[PDB]
Amino acid sequence: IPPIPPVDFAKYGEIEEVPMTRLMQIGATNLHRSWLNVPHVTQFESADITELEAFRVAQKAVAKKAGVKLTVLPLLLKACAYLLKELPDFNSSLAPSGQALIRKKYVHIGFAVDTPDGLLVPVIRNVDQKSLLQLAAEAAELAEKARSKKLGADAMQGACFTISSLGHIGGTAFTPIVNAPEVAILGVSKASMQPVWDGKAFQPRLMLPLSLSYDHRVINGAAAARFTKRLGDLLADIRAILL
Amino acid sequence: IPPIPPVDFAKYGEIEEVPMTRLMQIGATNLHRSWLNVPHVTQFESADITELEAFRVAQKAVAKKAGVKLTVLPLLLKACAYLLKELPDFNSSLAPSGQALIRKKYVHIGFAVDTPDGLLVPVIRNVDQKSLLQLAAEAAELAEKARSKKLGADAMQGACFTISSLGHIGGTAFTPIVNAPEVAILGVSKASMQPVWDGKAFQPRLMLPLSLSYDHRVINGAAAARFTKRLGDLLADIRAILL
Amino acid sequence: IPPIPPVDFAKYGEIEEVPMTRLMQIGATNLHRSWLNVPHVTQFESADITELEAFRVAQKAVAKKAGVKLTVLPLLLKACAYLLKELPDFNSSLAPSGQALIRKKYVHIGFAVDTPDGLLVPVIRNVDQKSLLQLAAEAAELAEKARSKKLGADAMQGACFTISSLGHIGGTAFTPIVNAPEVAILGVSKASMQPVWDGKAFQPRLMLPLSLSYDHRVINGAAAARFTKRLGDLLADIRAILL
Ligand SMILES: O=S([O-])[O-]
Ligand SMILES: O=S([O-])[O-]
Ligand SMILES: O=S([O-])[O-]
């Protein structure tokens with residue numbers, strides 16, 4: 001890999017050198033390792049979350065009683081956990097030989113937290129076994145631990161899949177990097193009101209932008225487009241998780 | 001290229017190792033070879049296909065008589081073949097020295113077929129010479145051969161360009177990988193009804209999402225944006241292929 | 001990096017070998033160097049530029065008197081220069097050790113010009129110090145020099161950030177390559193009239209598609225989504241640059 005030539009940046013004006021934290025350096029190295037090893041594709045999709053939002057908001061007091069805040073992340077975690085079991089190849093890693101897949105029979109999912117010192121991705125174990133309020137409690141606990149530098153490296157291991165949600169900040173879509181040896185990552189951006197054709201007129205529906213990057217060595221185009229379509233369906237009516 | 005560290009995945013739960021087919025392994029290797037050799041950009045565009053869809057549907061019985069099904073692929077194949085001749089740099093490969101281009105004077109186009117054993121990309125030769133019903137017949141024949149493992153490696157050689165259509169499954173857009181030594185690939189996702197401003201009001205138009213990835217060593221930004229704009233124009237009125 | 005196997009392209013029909021200019025070859029090499037060194041993410045956003053367009057058009061005669069044409073580029077240059085000072089990490093380069101950042105205290109911005117011989121990126125120095133008509137005059141001068149092969153390599157050095165605008169040609173969005181050692185590049189595509197929910201109904205607003213690619217070793221997801229959100233805000237009301 002050819003290196004970037006050094007440039008005397010001070011020839012063009014004043015510069016200031018500030019050091020990178022160790023977390024930023026670990027991160028830089030893992031990202032660059034994933035980038036070069038994984039042939040990335042991003043598949044974009046929009047999910048209609050009008051009803052899902054109404055549910056979330058109508059459970060505000062039950063969430064309050066439980067002392068948890070209920071955001072879209074536990075809902076995304078539950079729906080993805082259901083799909084990782086339905087489409088097992090997303091729940092796998094490429095074996096070090098490059099000639100077999102290791103299918104994981106558990107579902108643990110990490111979620112990205114951007115903290116001032118760098119990115120951490122805490123893992124929730126057995127997501128397919130926890131309820132929405134359990135996941136909400138857990139996600140908040142791990143996020144606060146991540147911010148407080150109090151998270152154990154123990155809790156950043158064993159993920160099958162990652163969710164990276166920027167919806168609280170903005171954006172229409174992005175192309176996340178797969179956290180190798182995982183095979184896929186779901187980016188979530190900001191939901192907005194969009195006109196959706198019902199067959200006769202455009203209705204306003206609250207649409208959530210989804211961006212799935214995947215390792216194309218393990219997942220082909222039709223599989224990935226089937227995963228985001230199924231995820232948009234489950235999010236459009238999450239009672240389907242019950243059958 | 002730093003390798004991904006091996007992880008004992010069984011520390012986190014139960015695992016199952018399943019082998020990769022040879023096709024999946026050939027594919028993994030070509031994809032990773034393209035990924036590292038081609039600096040990729042994807043240019044997105046939406047084509048108004050309202051009239052083109054009306055045409056397709058009104059020729060359903062002539063297609064039936066010919067025993068072919070007429071989908072959007074032959075139409076995409078014809079329009080791309082016309083543009084590969086109009087903008088010759090898309091119809092070329094970089095010479096092994098990296099200092100000349102080999103401009104191809106023929107137009108053969110491959111199209112991706114995802115089969116249970118892996119991805120195959122059959123090639124149709126001299127697309128610019130065949131009619132819409134010839135291409136429809138041919139594309140279906142090659143697709144069935146690809147599924148039946150009966151396709152000759154003969155028929156997976158010599159493409160100038162590739163079309164990867166996921167529209168039958170879903171999605172809004174994706175970022176396909178260039179099938180090197182080709183210089184560009186057209187991803188096609190699902191068409192949907194969108195409000196398009198006519199100058200005074202939004203009309204419902206059926207819009208087809210197009211995603212062109214190209215090798216930026218050979219094609220610059222303005223060339224690629226000109227190719228997708230011209231493709232959206234031809235698809236908005238394909239009678240322009242006649243002049 | 002595995003090489004692409006040579007193919008006898010003439011087995012499939014007639015070929016023509018044409019040479020690459022030196023500029024195309026320099027470019028191919030820098031692009032491929034950036035591609036392999038920078039783990040790229042693209043963050044997409046749409047900015048409401050209805051009022052900004054009305055301003056641009058209402059100043060047509062003052063621009064004329066100044067002999068400059070006022071396009072959206074000087075406006076983009078000023079708004080980005082304001083944000084590079086507000087969010088200093090975008091105005092930096094990774095030190096050759098990979099363990100510190102060099103924060104630049106100046107703001108020079110390059111912009112891509114696609115000329116028949118290849119891509120050039122002229123640099124405007126101290127963008128944060130020039131007015132909209134100064135930048136308009138300068139951008140046009142440098143663009144004409146770039147086309148006339150008369151631009152000095154002097155004038156292609158020292159950029160902190162690059163803007164690549166394809167809006168004059170077309171497209172909905174694209175994924176530009178970071179011009180390393182820079183850490184981010186803003187792609188701009190074609191503005192179009194879109195229905196935007198005001199809380200009660202969809203109004204037609206002129207929306208500008210923005211595509212920010214960044215080096216994820218230096219910039220994380222939340223920072224990049226905050227940069228495009230803030231840029232969409234400044235473009236929605238550029239009087240905010242005054243406070
Ligand atoms: O398998 S994808 O390349 O359609
Ligand atoms: O040639 S592109 O980088 O505008
Ligand atoms: O820092 S990004 O991966 O959310």
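Throughout, protein chains are lettered first and strands after them, A, B, ... in sequence-line order, and every chain is numbered starting at 1. Atoms considered below: every heavy atom in the structure, side chains included; atoms not considered: hydrogens, waters and symmetry mates.
Side-chain contact between B:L212 and B:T42 is absent, with no heavy-atom pair separated by less than 4.5 Å. Using a 4.5 Å heavy-atom cutoff, the side chains of B:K104 and B:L84 are not in contact. The shortest side-chain heavy-atom distance between B:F111 and B:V123 does not fall under the 4.5 Å cut-off. Two residues are said to be in side-chain contact when any heavy atoms from C-beta on lie closer than 4.5 Å; C:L75 and C:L77 fail this criterion. Contact of the C:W197 side chain with the A:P204 side chain is registered, since non-hydrogen atoms from C-beta on lie closer than 4.5 Å. A 4.5 Å side-chain heavy-atom check between B:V62 and B:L133 finds at least one atom pair inside the cut-off.
By the side-chain contact (heavy atoms from CB on, under 4.5 Å) test, B:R205 pairs with B:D48, B:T50, B:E51, B:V196, B:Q203, B:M207, sequence neighbours left out. Remark: C:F9 pairs with no residue by the ring-ring contact (aromatic ring centres under 6.0 Å, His included) rule, at least two apart or across chains. Residues meeting the side-chain contact (heavy atoms from CB on, under 4.5 Å) test with B:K190, sequence neighbours left out: none.
Contact between B:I102 and B:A95 at its shortest, heavy atoms only, is CD1-CA, 3.6 Å. Between C:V41 and A:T175 the shortest heavy-atom distance is CG1-O, 3.3 Å. Closest of all the heavy-atom pairs between B:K85 and B:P88 is O-CD, 4.1 Å. A pairwise comparison of heavy atoms in C:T228 and C:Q43 identifies OG1-CG, 3.6 Å as the closest pair.
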Review point. When you look at B:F90 and B:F227, which way does the ring pair (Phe, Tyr, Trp, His ring centres under 6.0 Å) test go after all the steps?
Key: CA-CA 9 Å; B:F90 284 85; B:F227 187 97; 4.5 Å; yes
Exercise for review: List the steps and the verdict of side-chain hydrogen bond (donor to acceptor under 3.5 Å, both in side chains) for B:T172 and B:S189.
Suggested key: CA-CA 6 Å; B:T172 265; B:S189 301; over 6 Å; no
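Using a 4.0 Å cut-off between charged nitrogen and carboxylate oxygen, B:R217 and B:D215 count as a salt-bridge pair. Using a 4.0 Å cut-off between charged side-chain N and carboxylate O, B:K200 and B:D198 make no salt bridge. Taking the charged nitrogens against the carboxylate oxygens, C:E17 and B:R103 have no contact shorter than 4.0 Å, which rules out a salt bridge. With respect to B:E45 and B:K229, no salt bridge is recorded, no charged nitrogen being found less than 4.0 Å from a carboxylate O.
Residues B:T162 and B:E182 have side chains that bring a donor and an acceptor to within less than 3.5 angstrom of each other.
Checked against the 6.0 Å centroid criterion, the rings of B:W35 and A:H216 do not qualify as a close aromatic pair. For C:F44 and A:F174, the gap between ring centers reaches or exceeds 6.0 Å.
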